[PDB]
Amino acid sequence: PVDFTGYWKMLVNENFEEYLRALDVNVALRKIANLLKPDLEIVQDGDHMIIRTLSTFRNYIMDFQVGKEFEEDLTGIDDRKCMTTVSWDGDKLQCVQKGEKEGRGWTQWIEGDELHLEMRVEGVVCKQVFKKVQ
């Protein structure tokens, strides 16, 4: 199916402040986070994926099997714990992060040579787009 493997650089990041505000991230950290332009480093073998969000401040590592619920420790972000499931939805990845915040999750997919990531919480939608360096 779709292989997201790649070192992806951020081109677009819309509404990230609002998204972090909804996660109750403190103003200080939001200030910094919004100028980080994290890379996405993905290594995938079928339904097994490691997704590393990389920045000079902090990294965030996801390591999961598509379709299989797991205990997600969002330490360094909002330091919350979710019961998270990343599922196939055709060629898209659909992540649901069950926990304190309503409607928390994200959708990831490829359009041509672009990786699209939409992150959501409580009706806030942050839009990110990434590209590999050719």
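Each residue number is its position in the shown sequence, starting from 1.
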{"item": "Selected stretch [higher average CA B-factor]: 88-96 or 56-64", "value": "88-96"}
{"item": "Between 73-81 and 47-55 (mean CA B-factor, as deposited), the higher", "value": "73-81"}
{"item": "Selection by C-alpha B-factor (highest) of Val12, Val25, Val124, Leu115", "value": "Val25"}
{"item": "Third of the chain, ranked by Cα B-factor, where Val133 sits", "value": "middle"}
